[PDB]
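Student: piece number one of the complex, untouched:
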Amino acid sequence: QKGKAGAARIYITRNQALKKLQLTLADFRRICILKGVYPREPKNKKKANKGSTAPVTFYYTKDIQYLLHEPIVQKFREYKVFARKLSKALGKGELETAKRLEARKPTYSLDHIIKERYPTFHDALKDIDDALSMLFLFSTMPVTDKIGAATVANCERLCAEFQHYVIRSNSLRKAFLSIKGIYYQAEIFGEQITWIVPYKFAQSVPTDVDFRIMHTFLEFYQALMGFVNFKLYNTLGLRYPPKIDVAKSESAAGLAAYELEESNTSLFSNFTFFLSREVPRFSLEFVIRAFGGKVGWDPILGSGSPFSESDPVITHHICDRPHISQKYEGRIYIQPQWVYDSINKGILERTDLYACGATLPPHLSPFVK
Amino acid sequence: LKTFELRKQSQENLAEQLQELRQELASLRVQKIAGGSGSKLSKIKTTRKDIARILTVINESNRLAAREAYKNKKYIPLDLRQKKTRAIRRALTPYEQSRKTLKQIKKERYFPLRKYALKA
Amino acid sequence: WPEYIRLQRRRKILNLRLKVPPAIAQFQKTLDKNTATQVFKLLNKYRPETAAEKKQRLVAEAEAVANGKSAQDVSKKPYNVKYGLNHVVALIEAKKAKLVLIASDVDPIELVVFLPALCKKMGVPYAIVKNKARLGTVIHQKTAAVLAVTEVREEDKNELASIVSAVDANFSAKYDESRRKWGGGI
Amino acid sequence: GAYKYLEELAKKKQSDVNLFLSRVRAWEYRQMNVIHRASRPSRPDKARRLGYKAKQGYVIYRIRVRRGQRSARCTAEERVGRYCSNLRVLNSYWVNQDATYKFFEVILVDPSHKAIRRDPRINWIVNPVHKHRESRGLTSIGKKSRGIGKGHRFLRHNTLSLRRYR
Amino acid sequence: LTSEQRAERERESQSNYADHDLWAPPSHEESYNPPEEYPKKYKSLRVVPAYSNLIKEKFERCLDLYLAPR
């Protein structure tokens, strides 16, 4: 008698995984982003689906039963109880118990779910690209209903800490200014990691990406950004998390706000470059700090600039605007295409090639070979 | 084997000491159907008793490590409870036995049975 | 149908098809929607303090005493609505209550069946409102049976003299013959 | 309180109010089980007077009995006490009847509940001598049945007493 | 703990961001002025618009790891 073992034993359906775990669709999709499980296709799906021929998603039983002992599943159901205690409080007009329970809103911990799925920190370094990219993704858009306004500050703090620690360790090696934005390819603790960052533009809601699924996926990426910061700052001797200057944050100093206090990397180190209010100086200062160069900026570009527009210490006062009426002597106005090529070629690129009012060359991919 | 110096080594060291003590006994019953000396039937006796010492030892290194595990706990399993008598486990405790109202607390701090005497 | 639902619609209808005595007949004619939204608006100032935040003011009262300060000498007599069946029967017999509120769904109906007769005799203006649980929400309870205002402060006395006049004029002034005839048998 | 009014009302058992609730509740009590748990006592005054405090551990049951030869109230104490093997019986009173069934309720107390056991007004029933009181005729109506009272109304000779010196 | 202590011992908490250590395709040479093919060619970085498909692309890649098989 078939229908007891073979493929149909280890392989089981999506609906059956709802029956054997006692969850719903929105409950099942909620947890398998934090915990890594993806559908697995049999080599023969008719035998595995107990003779039927419908198109049906399939799962190992060794992971769907490994899901049973997870105490985070208890936190979700004990989040169901809370809102049916808060609505009991809010629905009976008692405002004060409605305030007293939201502070003790039950929150699970993301410690033991990052323990088992990423064993090695180097393996965690290998899978830190998409999480950091997502950390750099939602950190510049407006506040969304399903997205967390407080988590937006976490997205701002985690990416800056990733920017400050990499700049302190000079981990960034390759950088390309592609059509999408500035793709930064770094290498920390041996693992070479590439992260793509877009330009700060007037974005709009796409009305098609599930922000509910995004808020869950961002929460899975919020732990890895901090845990790596807990590891990288300990590796570099800095504070995890580093002390952040709110006054410099209110003045938009970037990595200068998050003070990294201790608890060819010199391609442009001998070049104190300044900037006007014509380009994305946030990544420009990150590229300069990763390459050892002193980064200046205009007051409109942001406060905390070590070098001003009138400062004669500007080695290469790069201006994205081709018309630089205040181009100082010794601060020749160049374009970011030369600096991007300088980050690509690893040497001091020709500022006369990609100058302000000069032809920018074709920027190839730094990761390409 | 002297049971006081069995407890001076960890649990796993009692572990590999367990089977070859059996493999001696497992081999020693083969000689009974083979036929041998009479002093090994004394060795039959003292290998079972030596089997029956380490098993006493290892079991008391599990339960005594469980008791240190279940300190301070409101609930402990059944096998570590009292086994006195069913009528003793399910009867009142002297706390609840000696619980009084507030009325019989007042009536025995202003009016207790004092000690007195007479004179014959 | 399940084993219990076919009872749950039938005891709904046997209260209708039978002869309701005039004592019980008044327990279905009930204060309306409108005038039962201002009574609970006046009461929602005089709720009893929630047991969690009575303690909150008690730790703030007992911390200054542990230093030497006090507030018992300047503590004015408190206010709230008065609830509980046995405390409100004695608040009517002593002519202390001024507005008695009777739930319309007390399960053993004998618990409140003497109250519209006691309120008629002692001269305490009364009304029968819906949903015992609605009273329960007022006083932080699951199911209340009755409430009573016995003393509002000088702030709402002028409001209370008006809202009672809505209670007599709609419940007591009306409903005067349906309480004097049998009900049910529909 | 309300229990004064609810005692004198519960005596006028045949009057129009006490008869209307009799017909109504006998209907609901009859479609329910022969023994089914209450959630509140139907007579919350008689229950309060016979011993029932409204705390955890006090369980109200109610049971119909066929009319028409042990006293019916006594069997309502026994049949509920055989349906609940843990609960200790306190009392059992009359709540309703009709031409074919008498309805009673019973007050039952959990002896294992650590709220009865911590309370010195009901702690006499945790003791093991009170095991199945309704069996031994040791309760409110099992005492009245067997003529245990005070009054001329309600082997000690059949053995010869042969002393040592006689 | 008194009434002020009811307040200030709630305030050192709720700061939980990794306070202990748990560990004890590429670009196709596409840019503003890519001359390999003639997407589009952008003369100036300020003239380059915003590629709005990145939100739908990154979400699709995120949803592929959890819903699409592998």
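Tutor: Now that the structure is in, tell me what you want to look at. Residues are numbered from 1 along each chain as shown, chains lettered A, B, ... in the order given.

Student: which of the residues in stretch C:33-50 are buried?
Tutor: With burial defined by 16 or more other Cβ atoms under 10 Å in any protein chain shown, the residues of stretch C:33-50 counted as buried are C:35, C:36, C:39, C:40, C:42, C:43, C:46, C:47, C:50. Bear in mind the C-beta positions are built from the backbone N, C-alpha and C, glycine included.

Student: whoops, I mixed them up, stretch B:56-68
Tutor: Within stretch B:56-68, the residues that qualify as buried are B:57, B:58, counting by 16+ other Cβ under 10 Å.

Student: and if you look at stretch C:11-30?
Tutor: C:15, C:18, C:20, C:21, C:23, C:24, C:25, C:26, C:27, C:30.

Student: okay, which residue is most central for chain E?
Tutor: Centroid-nearest residue in chain E: residue E:58, 8.9 Å away (criterion: Cα atoms, centre = their mean).

Student: between the buried residues of stretch C:11-30, which is closest to residue A:292?
Tutor: residue C:30 (83.2 Å; Cβ to Cβ).

Student: just the C-alphas of the biggest helix by length in chain D, formatted as PDB.
Tutor: As assigned by DSSP state H, the longest helix anywhere in chain D is helix D:16-31. Taking only C-alpha atoms (Å, rounded to 0.1, in the frame of the first residue of the first chain), the coordinates of helix D:16-31 have been written out as PDB:
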ATOM      1  CA  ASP D  16     -48.700  34.900  40.600                       C
ATOM      2  CA  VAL D  17     -45.000  35.900  40.500                       C
ATOM      3  CA  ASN D  18     -43.700  32.800  42.300                       C
ATOM      4  CA  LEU D  19     -45.900  30.700  40.000                       C
ATOM      5  CA  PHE D  20     -44.900  32.400  36.700                       C
ATOM      6  CA  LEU D  21     -41.200  31.800  37.400                       C
ATOM      7  CA  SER D  22     -42.100  28.300  38.400                       C
ATOM      8  CA  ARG D  23     -43.600  27.400  35.000                       C
ATOM      9  CA  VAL D  24     -40.800  29.200  33.100                       C
ATOM     10  CA  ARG D  25     -37.800  27.700  34.900                       C
ATOM     11  CA  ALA D  26     -39.400  24.200  35.100                       C
ATOM     12  CA  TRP D  27     -39.300  24.400  31.300                       C
ATOM     13  CA  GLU D  28     -35.600  25.300  31.100                       C
ATOM     14  CA  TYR D  29     -34.700  22.900  33.900                       C
ATOM     15  CA  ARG D  30     -36.400  20.100  32.100                       C
ATOM     16  CA  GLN D  31     -34.800  20.500  28.700                       C
END
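
Student: with the structure above as the base, add RNA strand F:
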RNA sequence: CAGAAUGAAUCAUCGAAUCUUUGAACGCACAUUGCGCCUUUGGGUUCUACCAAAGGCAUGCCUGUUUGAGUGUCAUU
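Tutor: Take a look at RNA strand F, now in place beside the chains above:
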């Protein structure tokens, strides 16, 4: 009797443990002999197979927790 000898003792006491299958007998049926289900672990170079081990699966009732159902009672500008 042999037996080892030199903490012996079919010793005494006894507070920690062991207690086979049954039996109120309790995962199901029986008188043997079986039939199963759930979770965990291990095994033999596969948890696509197989086996084993370990922990659970009687009923009634009580207290509490979670999930619900009710053309059962109502409120929601």
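
Student: RNA strand F added, so what about the buried residues of stretch C:33-50 now?
Tutor: Buried residues in stretch C:33-50, counted by 16+ other Cβ under 10 Å: C:35, C:36, C:39, C:40, C:42, C:43, C:46, C:47, C:50.

Student: repeat for stretch D:12-29
Tutor: Neighbour-count burial for stretch D:12-29 [16+ other Cβ under 10 Å]: D:17, D:18, D:20, D:21, D:22, D:24, D:25, D:26, D:27, D:29.

Student: go on, stretch C:68-77?
Tutor: Result for stretch C:68-77 [16+ other Cβ under 10 Å]: no buried residues.

Student: so what would you say the end-to-end distance of it is?
Tutor: 23 Å (Cα to Cα, to the nearest Å).

Student: cool, and stretch D:63-77?
Tutor: First-to-last residue span, stretch D:63-77, Cα to Cα: 9 Å.

Student: does the biggest helix by length in chain B reach RNA strand F?
Tutor: Counting by DSSP H, the longest helix found in chain B is helix B:40-69. Yes. Using Cβ under 7 Å from any atom of the strand, helix B:40-69 reaches RNA strand F at B:41, B:42, B:56, B:59, B:60, B:63, B:64.

Student: from these, pick the one nearest chain D.
Tutor: The closest of the residues of helix B:40-69 next to RNA strand F to chain D turns out to be residue B:63 (Cβ to the nearest Cβ; 27.5 Å).

Student: go ahead and place RNA strand G:
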RNA sequence: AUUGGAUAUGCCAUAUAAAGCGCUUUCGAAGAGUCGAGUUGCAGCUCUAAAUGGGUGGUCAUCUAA
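Tutor: Below is RNA strand G, added to the chains above:
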């Protein structure tokens, strides 16, 4: 070695409290299909109370059930 009620003594306690008895220009709540009568083998069935009332005994004495 476990355990008893004590004696003395040390530290705690929280007492803004609780209790005995005078004194009352004041009040004083008391258990129901039970009691009770009729009637079949203390039970069954029919009926069904009251507040100086109700019970049992010689107008009195004595008690306070459900």
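
Student: please reconsider the buried residues of stretch B:56-68 now that RNA strand G is part of the model.
Tutor: B:57, B:58.

Student: one more: stretch A:339-357?
Tutor: A:339-344, A:346, A:348-349, A:351, A:354-356.

Student: hmm, back to that, tell me which residues touch the residue nearest to the centre of chain E, please.
Tutor: When contacts are counted by Cβ atoms under 8 Å, 6 or more residues apart in numbering or on different chains, residue E:58 touches A:133, A:134, A:137.

Student: repeat that for 6 Å
Tutor: Neighbour list for residue E:58: empty [criterion: Cβ atoms under 6 Å, 6 or more residues apart in numbering or on different chains].

Student: double-check that it belongs to a helix.
Tutor: Yes. The assignment for residue E:58 (DSSP: H, G, I helix; E, B strand; the rest coil) places it in a helix.

Student: for my notes, confirm residue C:56 occurs in a strand.
Tutor: No. Per three-state DSSP, residue C:56 lies outside any strand segment and is helix.

Student: distance check, the nearest residue to residue A:294 once chain neighbours are set aside against residue A:299.
Tutor: Of all residues not flanking residue A:294 in the chain, residue A:272 sits nearest, at 3.8 Å (Cβ to Cβ, 6 or more residues apart in numbering or on different chains). In this view, residue A:272 and residue A:299 are 18 Å apart by Cβ to Cβ, to the nearest Å.

Student: having no further points to raise, I will conclude here.
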